[PDB]
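Pasting query_28.txt here (compact mmCIF, N, CA and C atoms and all ligand atoms):
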# COMPACT_ATOMS: atom_id res chain seq x y z
N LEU Q 1 93.00 123.76 95.59
CA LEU Q 1 94.13 122.76 95.64
C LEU Q 1 93.78 121.56 94.77
N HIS Q 2 94.75 120.69 94.52
CA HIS Q 2 94.39 119.42 93.89
C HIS Q 2 95.29 118.30 94.36
N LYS Q 3 94.76 117.09 94.30
CA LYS Q 3 95.54 115.91 94.61
C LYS Q 3 96.51 115.58 93.49
N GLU Q 4 97.63 114.95 93.84
CA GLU Q 4 98.54 114.41 92.85
C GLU Q 4 99.07 113.09 93.39
N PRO Q 5 99.65 112.27 92.53
CA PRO Q 5 100.09 110.95 92.97
C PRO Q 5 101.15 111.02 94.04
N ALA Q 6 101.12 110.04 94.93
CA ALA Q 6 102.16 109.91 95.91
C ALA Q 6 102.68 108.49 95.88
N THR Q 7 103.94 108.34 96.26
CA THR Q 7 104.57 107.02 96.27
C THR Q 7 105.07 106.69 97.67
N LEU Q 8 104.40 105.74 98.32
CA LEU Q 8 104.68 105.47 99.74
C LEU Q 8 105.94 104.62 99.86
N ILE Q 9 106.92 105.06 100.63
CA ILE Q 9 108.04 104.20 101.01
C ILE Q 9 107.67 103.43 102.28
N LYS Q 10 107.25 104.12 103.33
CA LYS Q 10 106.84 103.46 104.56
C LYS Q 10 106.15 104.47 105.45
N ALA Q 11 105.24 104.01 106.29
CA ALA Q 11 104.71 104.84 107.37
C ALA Q 11 105.81 105.01 108.43
N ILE Q 12 105.78 106.14 109.13
CA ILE Q 12 106.73 106.42 110.21
C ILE Q 12 106.00 106.45 111.56
N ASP Q 13 105.10 107.42 111.73
CA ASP Q 13 104.32 107.47 112.96
C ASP Q 13 102.97 108.13 112.68
N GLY Q 14 102.30 108.63 113.73
CA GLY Q 14 100.92 109.16 113.58
C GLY Q 14 100.83 110.21 112.49
N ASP Q 15 101.82 111.11 112.44
CA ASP Q 15 101.65 112.25 111.54
C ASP Q 15 102.85 112.49 110.65
N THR Q 16 103.64 111.45 110.44
CA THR Q 16 104.66 111.49 109.40
C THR Q 16 104.68 110.21 108.60
N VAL Q 17 104.99 110.33 107.31
CA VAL Q 17 105.16 109.14 106.47
C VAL Q 17 106.36 109.42 105.55
N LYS Q 18 106.96 108.38 104.99
CA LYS Q 18 108.12 108.54 104.09
C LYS Q 18 107.62 108.31 102.68
N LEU Q 19 107.79 109.32 101.82
CA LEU Q 19 107.36 109.23 100.42
C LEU Q 19 108.60 109.30 99.51
N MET Q 20 108.46 108.82 98.29
CA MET Q 20 109.45 109.07 97.25
C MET Q 20 108.91 110.19 96.38
N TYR Q 21 109.44 111.39 96.53
CA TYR Q 21 108.91 112.52 95.81
C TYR Q 21 109.95 113.02 94.81
N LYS Q 22 109.61 113.00 93.52
CA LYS Q 22 110.58 113.27 92.46
C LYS Q 22 111.88 112.44 92.61
N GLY Q 23 111.73 111.21 93.07
CA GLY Q 23 112.87 110.34 93.17
C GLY Q 23 113.71 110.57 94.41
N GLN Q 24 113.23 111.40 95.34
CA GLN Q 24 113.96 111.65 96.59
C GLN Q 24 113.15 111.06 97.76
N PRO Q 25 113.80 110.29 98.63
CA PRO Q 25 113.08 109.79 99.79
C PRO Q 25 112.93 110.91 100.81
N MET Q 26 111.69 111.23 101.19
CA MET Q 26 111.48 112.43 102.00
C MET Q 26 110.52 112.07 103.11
N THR Q 27 110.74 112.63 104.30
CA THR Q 27 109.73 112.55 105.33
C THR Q 27 108.68 113.60 105.00
N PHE Q 28 107.40 113.21 104.99
CA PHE Q 28 106.33 114.20 104.89
C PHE Q 28 105.59 114.30 106.22
N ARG Q 29 105.35 115.53 106.64
CA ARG Q 29 104.62 115.81 107.89
C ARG Q 29 103.22 116.26 107.51
N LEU Q 30 102.21 115.64 108.11
CA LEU Q 30 100.82 115.96 107.78
C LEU Q 30 100.48 117.39 108.20
N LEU Q 31 99.86 118.14 107.31
CA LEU Q 31 99.42 119.51 107.65
C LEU Q 31 98.29 119.51 108.67
N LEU Q 32 98.36 120.52 109.53
CA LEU Q 32 97.25 120.96 110.43
C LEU Q 32 96.92 120.04 111.58
N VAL Q 33 97.79 119.06 111.86
CA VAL Q 33 97.51 118.06 112.90
C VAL Q 33 98.73 117.81 113.77
N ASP Q 34 98.47 117.26 114.94
CA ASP Q 34 99.57 116.81 115.79
C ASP Q 34 99.11 115.53 116.45
N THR Q 35 99.78 114.42 116.14
CA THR Q 35 99.56 113.19 116.92
C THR Q 35 100.56 113.09 118.06
N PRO Q 36 100.19 112.34 119.11
CA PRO Q 36 101.20 112.06 120.15
C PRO Q 36 102.43 111.36 119.56
N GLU Q 37 103.60 111.57 120.17
CA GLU Q 37 104.78 110.76 119.87
C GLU Q 37 104.54 109.31 120.24
N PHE Q 38 105.26 108.39 119.58
CA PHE Q 38 104.97 106.98 119.70
C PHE Q 38 104.91 106.45 121.12
N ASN Q 39 105.70 107.01 122.01
CA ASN Q 39 105.69 106.44 123.36
C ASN Q 39 104.92 107.29 124.37
N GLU Q 40 104.15 108.26 123.87
CA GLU Q 40 103.10 108.93 124.66
C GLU Q 40 101.76 108.22 124.51
N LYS Q 41 100.85 108.50 125.44
CA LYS Q 41 99.53 107.90 125.37
C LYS Q 41 98.84 108.22 124.03
N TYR Q 42 98.25 107.18 123.44
CA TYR Q 42 97.61 107.21 122.12
C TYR Q 42 98.59 107.30 120.96
N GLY Q 43 99.87 107.40 121.29
CA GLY Q 43 100.94 107.37 120.28
C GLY Q 43 101.02 106.09 119.46
N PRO Q 44 101.00 104.92 120.13
CA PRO Q 44 100.98 103.68 119.36
C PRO Q 44 99.71 103.52 118.51
N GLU Q 45 98.60 103.99 119.04
CA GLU Q 45 97.34 103.93 118.34
C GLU Q 45 97.31 104.84 117.14
N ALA Q 46 97.78 106.07 117.30
CA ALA Q 46 97.86 106.99 116.15
C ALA Q 46 98.81 106.44 115.09
N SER Q 47 99.96 105.91 115.51
CA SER Q 47 100.89 105.31 114.54
C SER Q 47 100.22 104.20 113.76
N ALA Q 48 99.51 103.33 114.49
CA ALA Q 48 98.92 102.14 113.87
C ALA Q 48 97.80 102.51 112.92
N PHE Q 49 97.05 103.54 113.30
CA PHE Q 49 95.99 104.04 112.43
C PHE Q 49 96.50 104.59 111.11
N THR Q 50 97.48 105.48 111.16
CA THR Q 50 98.05 106.06 109.94
C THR Q 50 98.70 104.98 109.09
N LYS Q 51 99.39 104.06 109.76
CA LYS Q 51 100.15 103.01 109.06
C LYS Q 51 99.18 102.12 108.30
N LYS Q 52 98.12 101.68 108.96
CA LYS Q 52 97.22 100.82 108.23
C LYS Q 52 96.49 101.61 107.16
N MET Q 53 96.13 102.86 107.46
CA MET Q 53 95.39 103.61 106.47
C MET Q 53 96.17 103.80 105.16
N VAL Q 54 97.45 104.14 105.27
CA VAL Q 54 98.27 104.30 104.06
C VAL Q 54 98.77 103.01 103.41
N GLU Q 55 99.06 101.98 104.20
CA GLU Q 55 99.57 100.75 103.63
C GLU Q 55 98.45 99.97 102.96
N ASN Q 56 97.27 99.99 103.56
CA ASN Q 56 96.20 99.14 103.03
C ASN Q 56 95.50 99.72 101.81
N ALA Q 57 95.73 101.01 101.56
CA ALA Q 57 95.16 101.71 100.42
C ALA Q 57 95.67 101.18 99.10
N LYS Q 58 94.79 101.18 98.10
CA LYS Q 58 95.22 100.87 96.74
C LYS Q 58 96.15 102.00 96.25
N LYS Q 59 95.88 103.24 96.67
CA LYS Q 59 96.49 104.43 96.05
C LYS Q 59 96.64 105.39 97.21
N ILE Q 60 97.80 106.04 97.32
CA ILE Q 60 97.80 107.27 98.13
C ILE Q 60 98.13 108.44 97.24
N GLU Q 61 97.54 109.57 97.62
CA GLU Q 61 97.79 110.85 96.97
C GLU Q 61 98.23 111.91 97.99
N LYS Q 62 98.86 112.96 97.50
CA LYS Q 62 99.21 114.10 98.32
C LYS Q 62 98.61 115.39 97.75
N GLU Q 63 98.44 116.37 98.61
CA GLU Q 63 97.86 117.64 98.18
C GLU Q 63 98.62 118.72 98.92
N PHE Q 64 99.41 119.51 98.21
CA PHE Q 64 100.06 120.65 98.84
C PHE Q 64 99.07 121.76 99.04
N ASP Q 65 99.32 122.59 100.04
CA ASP Q 65 98.54 123.81 100.26
C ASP Q 65 99.21 124.95 99.50
N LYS Q 66 98.79 126.20 99.74
CA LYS Q 66 99.26 127.32 98.93
C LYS Q 66 100.58 127.93 99.38
N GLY Q 67 100.99 127.62 100.61
CA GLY Q 67 102.20 128.19 101.19
C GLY Q 67 103.41 127.27 101.12
N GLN Q 68 104.12 127.16 102.24
CA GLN Q 68 105.38 126.39 102.32
C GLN Q 68 105.06 124.96 101.93
N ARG Q 69 105.92 124.37 101.11
CA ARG Q 69 105.81 122.94 100.81
C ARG Q 69 106.80 122.09 101.59
N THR Q 70 107.77 122.74 102.22
CA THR Q 70 108.67 122.04 103.14
C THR Q 70 108.81 122.85 104.43
N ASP Q 71 109.08 122.17 105.54
CA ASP Q 71 109.34 122.91 106.78
C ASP Q 71 110.83 123.09 107.01
N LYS Q 72 111.14 123.72 108.14
CA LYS Q 72 112.52 124.10 108.43
C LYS Q 72 113.40 122.90 108.72
N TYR Q 73 112.79 121.72 108.75
CA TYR Q 73 113.54 120.50 108.97
C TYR Q 73 113.68 119.73 107.68
N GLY Q 74 113.20 120.29 106.58
CA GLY Q 74 113.29 119.64 105.28
C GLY Q 74 112.22 118.59 105.08
N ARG Q 75 111.18 118.60 105.91
CA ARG Q 75 110.09 117.64 105.68
C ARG Q 75 109.08 118.22 104.72
N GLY Q 76 108.52 117.39 103.84
CA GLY Q 76 107.40 117.83 103.02
C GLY Q 76 106.16 118.14 103.86
N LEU Q 77 105.36 119.09 103.41
CA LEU Q 77 104.14 119.46 104.14
C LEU Q 77 102.94 119.29 103.22
N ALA Q 78 102.06 118.34 103.54
CA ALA Q 78 100.93 118.06 102.66
C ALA Q 78 99.75 117.48 103.43
N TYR Q 79 98.59 117.50 102.79
CA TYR Q 79 97.49 116.61 103.17
C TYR Q 79 97.65 115.31 102.39
N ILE Q 80 97.46 114.18 103.08
CA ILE Q 80 97.62 112.87 102.48
C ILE Q 80 96.28 112.16 102.42
N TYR Q 81 96.00 111.55 101.27
CA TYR Q 81 94.74 110.83 101.04
C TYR Q 81 95.04 109.38 100.73
N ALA Q 82 94.23 108.51 101.32
CA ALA Q 82 94.34 107.08 101.08
C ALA Q 82 93.04 106.63 100.45
N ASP Q 83 93.08 106.20 99.18
CA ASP Q 83 91.84 105.86 98.45
C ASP Q 83 90.81 106.96 98.55
N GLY Q 84 91.29 108.19 98.48
CA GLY Q 84 90.42 109.36 98.45
C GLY Q 84 90.03 109.93 99.81
N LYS Q 85 90.37 109.23 100.89
CA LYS Q 85 89.99 109.67 102.26
C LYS Q 85 91.18 110.40 102.93
N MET Q 86 90.97 111.61 103.42
CA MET Q 86 92.07 112.38 103.97
C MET Q 86 92.56 111.78 105.30
N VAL Q 87 93.83 111.36 105.34
CA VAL Q 87 94.38 110.83 106.62
C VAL Q 87 94.34 111.91 107.71
N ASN Q 88 94.65 113.16 107.35
CA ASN Q 88 94.70 114.21 108.35
C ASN Q 88 93.34 114.33 109.02
N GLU Q 89 92.28 114.35 108.23
CA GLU Q 89 90.93 114.44 108.77
C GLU Q 89 90.52 113.22 109.59
N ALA Q 90 90.90 112.03 109.12
CA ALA Q 90 90.45 110.82 109.81
C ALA Q 90 91.09 110.71 111.19
N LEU Q 91 92.35 111.12 111.30
CA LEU Q 91 93.02 111.12 112.60
C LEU Q 91 92.30 112.05 113.56
N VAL Q 92 91.95 113.26 113.13
CA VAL Q 92 91.32 114.21 114.02
C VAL Q 92 89.92 113.71 114.37
N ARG Q 93 89.20 113.17 113.38
CA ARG Q 93 87.85 112.70 113.67
C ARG Q 93 87.82 111.58 114.70
N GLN Q 94 88.87 110.75 114.74
CA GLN Q 94 88.92 109.64 115.69
C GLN Q 94 89.58 110.03 117.00
N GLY Q 95 89.93 111.29 117.19
CA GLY Q 95 90.53 111.75 118.44
C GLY Q 95 91.96 111.25 118.62
N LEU Q 96 92.65 110.96 117.51
CA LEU Q 96 94.06 110.48 117.56
C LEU Q 96 95.04 111.57 117.14
N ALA Q 97 94.50 112.74 116.80
CA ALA Q 97 95.32 113.96 116.59
C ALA Q 97 94.52 115.16 116.98
N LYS Q 98 95.23 116.20 117.41
CA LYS Q 98 94.61 117.52 117.57
C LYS Q 98 94.82 118.33 116.32
N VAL Q 99 93.94 119.30 116.05
CA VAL Q 99 94.24 120.30 115.03
C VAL Q 99 95.35 121.17 115.64
N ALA Q 100 96.39 121.47 114.86
CA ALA Q 100 97.57 122.12 115.44
C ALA Q 100 98.38 122.71 114.32
N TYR Q 101 99.34 123.54 114.69
CA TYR Q 101 100.28 124.11 113.71
C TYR Q 101 99.54 124.75 112.55
N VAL Q 102 98.56 125.60 112.88
CA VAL Q 102 97.77 126.23 111.83
C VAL Q 102 98.43 127.56 111.44
N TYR Q 103 99.04 127.60 110.27
CA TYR Q 103 99.74 128.79 109.80
C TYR Q 103 99.00 129.40 108.63
N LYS Q 104 98.88 130.73 108.62
CA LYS Q 104 98.13 131.40 107.56
C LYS Q 104 98.75 131.07 106.20
N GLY Q 105 97.90 130.85 105.21
CA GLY Q 105 98.45 130.49 103.91
C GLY Q 105 98.85 129.03 103.69
N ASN Q 106 98.82 128.18 104.72
CA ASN Q 106 98.76 126.72 104.56
C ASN Q 106 97.64 126.17 105.42
N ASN Q 107 96.47 126.78 105.32
CA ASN Q 107 95.38 126.40 106.22
C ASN Q 107 94.06 126.18 105.50
N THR Q 108 94.12 125.69 104.27
CA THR Q 108 92.91 125.51 103.46
C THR Q 108 91.88 124.62 104.14
N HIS Q 109 92.32 123.51 104.76
CA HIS Q 109 91.35 122.58 105.31
C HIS Q 109 91.14 122.77 106.80
N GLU Q 110 91.42 123.98 107.28
CA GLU Q 110 91.30 124.21 108.72
C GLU Q 110 89.88 123.92 109.21
N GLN Q 111 88.89 124.53 108.58
CA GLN Q 111 87.52 124.43 109.11
C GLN Q 111 87.00 122.98 109.06
N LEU Q 112 87.37 122.24 108.02
CA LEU Q 112 87.01 120.82 107.88
C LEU Q 112 87.56 120.03 109.06
N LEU Q 113 88.81 120.32 109.42
CA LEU Q 113 89.45 119.57 110.50
C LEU Q 113 88.90 120.05 111.86
N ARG Q 114 88.58 121.34 112.01
CA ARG Q 114 87.95 121.76 113.27
C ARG Q 114 86.59 121.14 113.47
N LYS Q 115 85.85 120.94 112.39
CA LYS Q 115 84.57 120.27 112.50
C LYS Q 115 84.75 118.82 112.97
N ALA Q 116 85.74 118.13 112.43
CA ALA Q 116 86.02 116.78 112.89
C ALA Q 116 86.46 116.76 114.34
N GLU Q 117 87.24 117.77 114.75
CA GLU Q 117 87.78 117.75 116.11
C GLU Q 117 86.64 117.96 117.09
N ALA Q 118 85.70 118.83 116.75
CA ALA Q 118 84.60 119.08 117.65
C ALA Q 118 83.74 117.85 117.85
N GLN Q 119 83.64 117.05 116.80
CA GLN Q 119 82.87 115.82 116.92
C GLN Q 119 83.62 114.80 117.76
N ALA Q 120 84.94 114.75 117.61
CA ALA Q 120 85.74 113.82 118.45
C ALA Q 120 85.63 114.26 119.92
N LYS Q 121 85.57 115.56 120.16
CA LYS Q 121 85.40 116.05 121.55
C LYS Q 121 84.03 115.74 122.10
N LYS Q 122 82.99 115.96 121.29
CA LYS Q 122 81.61 115.65 121.71
C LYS Q 122 81.50 114.17 122.11
N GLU Q 123 82.21 113.31 121.39
CA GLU Q 123 82.19 111.87 121.65
C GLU Q 123 83.25 111.42 122.67
N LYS Q 124 84.06 112.37 123.16
CA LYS Q 124 85.11 112.08 124.15
C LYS Q 124 86.03 110.96 123.70
N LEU Q 125 86.49 111.02 122.45
CA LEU Q 125 87.33 109.94 121.89
C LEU Q 125 88.79 110.15 122.18
N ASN Q 126 89.45 109.07 122.63
CA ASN Q 126 90.89 109.03 122.77
C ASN Q 126 91.54 110.22 123.48
N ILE Q 127 92.25 111.08 122.77
CA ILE Q 127 92.85 112.27 123.38
C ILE Q 127 91.85 113.04 124.26
N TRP Q 128 90.58 113.04 123.84
CA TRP Q 128 89.56 113.82 124.52
C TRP Q 128 88.78 113.03 125.56
N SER Q 129 89.23 111.81 125.84
CA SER Q 129 88.51 110.95 126.81
C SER Q 129 88.78 111.31 128.26
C1 LIG L 1 102.99 120.65 110.93
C2 LIG L 1 104.11 121.67 110.86
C3 LIG L 1 105.14 121.64 111.76
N1 LIG L 1 106.21 122.55 111.64
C4 LIG L 1 107.25 122.61 112.67
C5 LIG L 1 106.70 123.28 113.96
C6 LIG L 1 107.54 122.62 115.07
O1 LIG L 1 108.80 123.32 115.00
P1 LIG L 1 109.59 123.52 116.39
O2 LIG L 1 110.24 122.18 116.46
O3 LIG L 1 110.76 124.56 116.13
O4 LIG L 1 108.77 123.58 117.74
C7 LIG L 1 107.70 121.18 114.48
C8 LIG L 1 106.63 120.22 115.00
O5 LIG L 1 106.85 118.94 114.36
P2 LIG L 1 106.44 117.63 115.10
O6 LIG L 1 105.01 117.76 115.72
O7 LIG L 1 106.52 116.63 114.00
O8 LIG L 1 107.45 117.35 116.33
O9 LIG L 1 107.61 121.29 113.04
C9 LIG L 1 106.19 123.50 110.68
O10 LIG L 1 107.10 124.34 110.58
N2 LIG L 1 105.14 123.57 109.80
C10 LIG L 1 104.06 122.71 109.89
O11 LIG L 1 103.14 122.82 109.08
CA CA L 2 103.66 115.01 116.66
Translate the structure described by the file into structure tokens.
Ligand SMILES: Cc1cn([C@H]2C[C@H](OP(=O)(O)O)[C@@H](COP(=O)(O)O)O2)c(=O)[nH]c1=O
Ligand SMILES: [Ca+2]
Amino acid sequence: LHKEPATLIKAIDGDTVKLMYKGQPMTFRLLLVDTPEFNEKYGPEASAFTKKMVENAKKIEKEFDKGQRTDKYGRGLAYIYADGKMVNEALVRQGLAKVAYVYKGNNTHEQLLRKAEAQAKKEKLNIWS
């Protein structure tokens, strides 16, 4: 896979952000993760983490996987990087998302994210507390 430029319109919640992609405003859903909804436990924290991570970055990039690039709701599906650091991975490592929605052919970073999740579990962080 490779990174390509992304243009942030605004953060939405733990695992969605609004990008301008080819001049279209689109919701993008982070691959391989699930954060709580905003009004569930750790939901405000996951939202705040993703929001600061993407807003405070000099640069965000996106990386499509090999399969579907949009879901059945018309959301973009990508890994998102902020100054080179994967948001999807950082959420799982901090126990603010579970690894989830793992579909064959869009699962390149599965093992990387499972490694982070196991460490968040070992440390009993957030969701795993
Ligand atoms: C992350 C992801 C979610 N989805 C779908 C699965 C769920 O559909 P169903 O709604 O039919 O249960 C939904 C979860 O999104 P959210 O976790 O954003 O609510 O989005 C995909 O189709 N592909 C994906 O890669
Ligand atoms: Ca979610």
Which chain Q residues have any atom within 8 Å of an atom of ligand LIG 1 (chain L), and for each, what is the nearest pair of atoms with distance in Å to one decimal, counting all atoms listed in the file, rows sorted by chain and number, as CSV?
residue,atom,partner,partner_atom,distance
Q:15,C,L:LIG1,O7,6.5
Q:16,N,L:LIG1,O7,6.9
Q:29,C,L:LIG1,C1,5.6
Q:30,C,L:LIG1,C1,4.9
Q:31,CA,L:LIG1,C1,5.0
Q:32,N,L:LIG1,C1,4.8
Q:33,N,L:LIG1,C1,5.5
Q:34,CA,L:LIG1,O6,5.5
Q:35,N,L:LIG1,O6,6.2
Q:36,C,L:LIG1,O6,7.9
Q:37,N,L:LIG1,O6,7.8
Q:68,C,L:LIG1,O11,7.7
Q:70,C,L:LIG1,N2,6.5
Q:71,CA,L:LIG1,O10,4.6
Q:72,N,L:LIG1,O10,4.8
Q:73,N,L:LIG1,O10,6.5
Q:76,C,L:LIG1,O11,7.6
Q:77,CA,L:LIG1,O11,6.1
Q:78,N,L:LIG1,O11,7.2
Q:100,C,L:LIG1,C1,6.1
Q:101,CA,L:LIG1,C1,5.2
Q:102,N,L:LIG1,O11,6.6
Q:103,N,L:LIG1,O11,6.4
Q:106,CA,L:LIG1,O11,7.4
Which residues in chain Q does DSSP call alpha helix (DSSP H)? List them as a PyMOL selection string. chain Q and resi 43-56+87-93+110-122
Of the residues Q:74, Q:38, Q:20, Q:8, which is the one nearest to ligand CA 2 (chain L), using all atoms listed in the file? Q:38
Taking all atoms listed in the file into account, which of Q:114, Q:69, Q:3, Q:104 comes nearest residue Q:89? Q:114
Nearest residue to residue Q:81 out of Q:117, Q:99, Q:94, Q:57, using only N, CA and C atoms?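 Of the candidates, the smallest distance to residue Q:81 is held by Q:57.
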What does the distance from atom CA of residue Q:59 to atom N of residue Q:43 come to in Å, to one decimal?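 Between these atoms lies a distance of 25.6 Å.
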Point-to-point distance in Å for atom CA of residue Q:2 and atom N of residue Q:17: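 Separation between atom N of residue Q:17 and atom CA of residue Q:2: 19.4 Å.
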Would you list, as an MDAnalysis selection string, the residues of stretch 43-78 of chain Q that end up in strand (DSSP E or B) under DSSP run on this structure's backbone? chainID Q and resid 60:63 70 76:78
Taking (92.7, 110.4, 116.9) in the file's coordinates, which residues come within 8 Å, counting only N, CA and C atoms, written as a CSV table (one decimal) with N, CA and C atoms, in the coordinates of the input?
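New file part-v2.csv:
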chain,number,residue,atom,x,y,z
Q,35,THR,N,99.8,114.4,116.1
Q,35,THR,CA,99.6,113.2,116.9
Q,35,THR,C,100.6,113.1,118.1
Q,42,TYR,N,98.2,107.2,123.4
Q,42,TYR,CA,97.6,107.2,122.1
Q,42,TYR,C,98.6,107.3,121.0
Q,45,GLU,N,98.6,104.0,119.0
Q,45,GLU,CA,97.3,103.9,118.3
Q,45,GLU,C,97.3,104.8,117.1
Q,46,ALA,N,97.8,106.1,117.3
Q,46,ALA,CA,97.9,107.0,116.2
Q,46,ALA,C,98.8,106.4,115.1
Q,90,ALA,N,90.9,112.0,109.1
Q,90,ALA,CA,90.4,110.8,109.8
Q,90,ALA,C,91.1,110.7,111.2
Q,91,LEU,N,92.4,111.1,111.3
Q,91,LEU,CA,93.0,111.1,112.6
Q,91,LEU,C,92.3,112.0,113.6
Q,92,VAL,N,92.0,113.3,113.1
Q,92,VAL,CA,91.3,114.2,114.0
Q,92,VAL,C,89.9,113.7,114.4
Q,93,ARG,N,89.2,113.2,113.4
Q,93,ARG,CA,87.8,112.7,113.7
Q,93,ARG,C,87.8,111.6,114.7
Q,94,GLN,N,88.9,110.8,114.7
Q,94,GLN,CA,88.9,109.6,115.7
Q,94,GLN,C,89.6,110.0,117.0
Q,95,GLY,N,89.9,111.3,117.2
Q,95,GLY,CA,90.5,111.8,118.4
Q,95,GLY,C,92.0,111.2,118.6
Q,96,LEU,N,92.6,111.0,117.5
Q,96,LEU,CA,94.1,110.5,117.6
Q,96,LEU,C,95.0,111.6,117.1
Q,97,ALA,N,94.5,112.7,116.8
Q,97,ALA,CA,95.3,114.0,116.6
Q,97,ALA,C,94.5,115.2,117.0
Q,98,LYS,N,95.2,116.2,117.4
Q,98,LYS,CA,94.6,117.5,117.6
Q,98,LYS,C,94.8,118.3,116.3
Q,120,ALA,N,84.9,114.8,117.6
Q,120,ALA,CA,85.7,113.8,118.4
Q,120,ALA,C,85.6,114.3,119.9
Q,125,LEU,N,86.5,111.0,122.4
Q,125,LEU,CA,87.3,109.9,121.9
Q,125,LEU,C,88.8,110.2,122.2
Q,126,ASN,N,89.4,109.1,122.6
Q,126,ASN,CA,90.9,109.0,122.8
Q,126,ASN,C,91.5,110.2,123.5
Q,127,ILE,N,92.2,111.1,122.8
Q,127,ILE,CA,92.8,112.3,123.4
Q,127,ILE,C,91.8,113.0,124.3
Q,128,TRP,N,90.6,113.0,123.8
Q,128,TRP,CA,89.6,113.8,124.5
Q,128,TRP,C,88.8,113.0,125.6
Edge lengths and centre in Å, axis-aligned, stretch 53-60 of chain Q plus 6 Å each side, as lines of an AutoDock Vina configuration file:
center_x = 97.2
center_y = 103.8
center_z = 101.8
size_x = 16.8
size_y = 21.3
size_z = 23.4
How far is it from atom C of residue Q:54 to atom N of residue Q:82, in Å with one decimal? 7.4 Å
Could you name the residues that touch residue Q:79 at 6 Å or less, counting only N, CA and C atoms, but leaving out those on the same chain fewer than 5 positions away, as a list in words? residues 30, 31, 61, 62, 63, 64 and 65 of chain Q
Could those residues be written to a file, using N, CA and C atoms, as a PDB file, in the coordinates of the input?
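Saved to selection-v3.pdb:
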ATOM      1  N   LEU Q  30     102.210 115.640 108.110  1.00  0.00           N
ATOM      2  CA  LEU Q  30     100.820 115.960 107.780  1.00  0.00           C
ATOM      3  C   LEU Q  30     100.480 117.390 108.200  1.00  0.00           C
ATOM      4  N   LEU Q  31      99.860 118.140 107.310  1.00  0.00           N
ATOM      5  CA  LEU Q  31      99.420 119.510 107.650  1.00  0.00           C
ATOM      6  C   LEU Q  31      98.290 119.510 108.670  1.00  0.00           C
ATOM      7  N   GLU Q  61      97.540 109.570  97.620  1.00  0.00           N
ATOM      8  CA  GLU Q  61      97.790 110.850  96.970  1.00  0.00           C
ATOM      9  C   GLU Q  61      98.230 111.910  97.990  1.00  0.00           C
ATOM     10  N   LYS Q  62      98.860 112.960  97.500  1.00  0.00           N
ATOM     11  CA  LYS Q  62      99.210 114.100  98.320  1.00  0.00           C
ATOM     12  C   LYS Q  62      98.610 115.390  97.750  1.00  0.00           C
ATOM     13  N   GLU Q  63      98.440 116.370  98.610  1.00  0.00           N
ATOM     14  CA  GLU Q  63      97.860 117.640  98.180  1.00  0.00           C
ATOM     15  C   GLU Q  63      98.620 118.720  98.920  1.00  0.00           C
ATOM     16  N   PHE Q  64      99.410 119.510  98.210  1.00  0.00           N
ATOM     17  CA  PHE Q  64     100.060 120.650  98.840  1.00  0.00           C
ATOM     18  C   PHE Q  64      99.070 121.760  99.040  1.00  0.00           C
ATOM     19  N   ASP Q  65      99.320 122.590 100.040  1.00  0.00           N
ATOM     20  CA  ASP Q  65      98.540 123.810 100.260  1.00  0.00           C
ATOM     21  C   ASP Q  65      99.210 124.950  99.500  1.00  0.00           C
TER      22      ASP Q  65
END
Add whatever atoms are absent from stretch 106-114 of chain Q to reach N, CA, C and O atoms, and provide the output as an mmCIF file, in the coordinates of the input.
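See rebuild-v6.cif below for the written result:
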data_model
loop_
_atom_site.group_PDB
_atom_site.id
_atom_site.type_symbol
_atom_site.label_atom_id
_atom_site.label_comp_id
_atom_site.auth_asym_id
_atom_site.auth_seq_id
_atom_site.Cartn_x
_atom_site.Cartn_y
_atom_site.Cartn_z
ATOM 1 N N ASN Q 106 98.820 128.180 104.720
ATOM 2 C CA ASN Q 106 98.760 126.720 104.560
ATOM 3 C C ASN Q 106 97.640 126.170 105.420
ATOM 4 O O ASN Q 106 97.869 125.274 106.246
ATOM 5 N N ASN Q 107 96.470 126.780 105.320
ATOM 6 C CA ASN Q 107 95.380 126.400 106.220
ATOM 7 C C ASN Q 107 94.060 126.180 105.500
ATOM 8 O O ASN Q 107 93.007 126.343 106.094
ATOM 9 N N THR Q 108 94.120 125.690 104.270
ATOM 10 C CA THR Q 108 92.910 125.510 103.460
ATOM 11 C C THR Q 108 91.880 124.620 104.140
ATOM 12 O O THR Q 108 90.687 124.950 104.099
ATOM 13 N N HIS Q 109 92.320 123.510 104.760
ATOM 14 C CA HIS Q 109 91.350 122.580 105.310
ATOM 15 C C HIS Q 109 91.140 122.770 106.800
ATOM 16 O O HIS Q 109 90.593 121.877 107.489
ATOM 17 N N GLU Q 110 91.420 123.980 107.280
ATOM 18 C CA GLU Q 110 91.300 124.210 108.720
ATOM 19 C C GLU Q 110 89.880 123.920 109.210
ATOM 20 O O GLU Q 110 89.690 123.232 110.247
ATOM 21 N N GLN Q 111 88.890 124.530 108.580
ATOM 22 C CA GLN Q 111 87.520 124.430 109.110
ATOM 23 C C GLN Q 111 87.000 122.980 109.060
ATOM 24 O O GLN Q 111 86.327 122.537 109.987
ATOM 25 N N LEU Q 112 87.370 122.240 108.020
ATOM 26 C CA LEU Q 112 87.010 120.820 107.880
ATOM 27 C C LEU Q 112 87.560 120.030 109.060
ATOM 28 O O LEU Q 112 86.846 119.230 109.700
ATOM 29 N N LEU Q 113 88.810 120.320 109.420
ATOM 30 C CA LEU Q 113 89.450 119.570 110.500
ATOM 31 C C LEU Q 113 88.900 120.050 111.860
ATOM 32 O O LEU Q 113 88.759 119.241 112.799
ATOM 33 N N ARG Q 114 88.580 121.340 112.010
ATOM 34 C CA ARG Q 114 87.950 121.760 113.270
ATOM 35 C C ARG Q 114 86.590 121.140 113.470
ATOM 36 O O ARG Q 114 86.185 120.891 114.606
#
